[PDB]
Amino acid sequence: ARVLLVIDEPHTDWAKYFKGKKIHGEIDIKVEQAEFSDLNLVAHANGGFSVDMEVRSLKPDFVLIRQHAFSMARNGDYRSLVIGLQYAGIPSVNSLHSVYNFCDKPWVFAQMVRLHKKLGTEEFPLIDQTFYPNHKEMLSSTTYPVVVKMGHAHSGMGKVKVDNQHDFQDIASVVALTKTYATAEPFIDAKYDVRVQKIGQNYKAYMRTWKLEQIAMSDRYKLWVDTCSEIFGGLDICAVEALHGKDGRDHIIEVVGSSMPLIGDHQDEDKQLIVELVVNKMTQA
């Protein structure tokens, strides 16, 4: 029986979705589930290794990662477990390589910058964004308001709207206390934001209208996510988020990996899709 470790919150019962699924028609799949916070491991270059949960130990043959491997908030650093999993040679979705490299939002943005550079604005409208290695480079902005995003954090954390020079200077003084990097980008007066996802070969576009209706995929939206899905060796599960300004201009602000939240009326379909995806990946091994 093949052991699949799914790093995810307890709500979604992954064992339920993998129930009955078999590799090559007879190799059963056992599902072990737990959050990053309850895991630890030890890996040997020789191949031996063990993942400890809660305390029960297991040896996953594969891993599905649905949780953020890193957050600059307290207790959110799980990079060393990602390193350990890679060290033990365990295959995963998304790839451990992409997971590790997704641990710095500006590092992932840089990849889109390169994409934007090749494709041009009419094909890939990447939002205008500025990167600051530290607060010392934060002096002012061309226009206001702007959205400042501090360090590497999720669910709105560390993201503030700044309406003027004085406030910017204050916010910059706060970046100094985070002792990390930050970005600033034009605040978009949005009519709504859209997220284009891609799981394996399935695509879906959702329209949500400061901080849900499924729409039709377009060739434009497909290009956005197809191009983004190729970074860091390829992302099996990813999505592109863009803001649609009242003036009709689109602005791509981010690309998410395998921890992207499932949304809308089809969360069930998407989980099954992820299951189909992981089963196929496990099959090849």
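Throughout, we count residues from 1 along the sequence that is shown.
(message) Checking chain continuity here. Are there deposited residues lacking coordinates between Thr209 and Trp210, and if so is it 1 to 3, 4 to 9, or 10 or more (or none)?
(response) The entry has 4 to 9 unmodelled residues between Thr209 and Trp210.
(request) Count, per the entry, the deposited residues between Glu54 and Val55 that are not modelled, and return the matching class: none, 1 to 3, 4 to 9, or 10 or more. (result) Missing in between: 4 to 9 residues.
(message) Mean CA temperature factor from the deposited coordinates, higher in 255-263 or in 24-32?
(response) Result: 24-32.
(message) Using only C-alpha atoms and the B-factors in the entry, which stretch averages higher, 106-114 or 138-146?
(response) Result: 138-146.
(request) Using the entry's values, work out which of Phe70, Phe49, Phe232, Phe62 has the largest Cα B factor. (result) The record points to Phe49.
(message) Based on the deposited C-alpha B factors for this chain, I'd like to know if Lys191 is in the lowest, middle or highest third.
(response) Highest third, going by the recorded CA B-factors of the chain.
(message) Considering every modelled residue of the chain and its Cα B-factor in the PDB entry, is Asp77 in the lowest, middle or highest third?
(response) Bottom third by C-alpha B-factor.
(request) Would you check the entry's CA temperature factor for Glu123 and let me know if it's in the chain's lowest, middle or highest third? (result) Tercile = middle for this residue's CA B-factor.
(request) Grab the CA temperature factor for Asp163 from the record and place it in the lowest, middle or highest third of its chain. (result) It falls in the middle third of the chain.
(message) Splitting the chain's C-alpha B-factors into thirds, which one does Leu58 fall into?
(response) Tercile = highest for this residue's CA B-factor.
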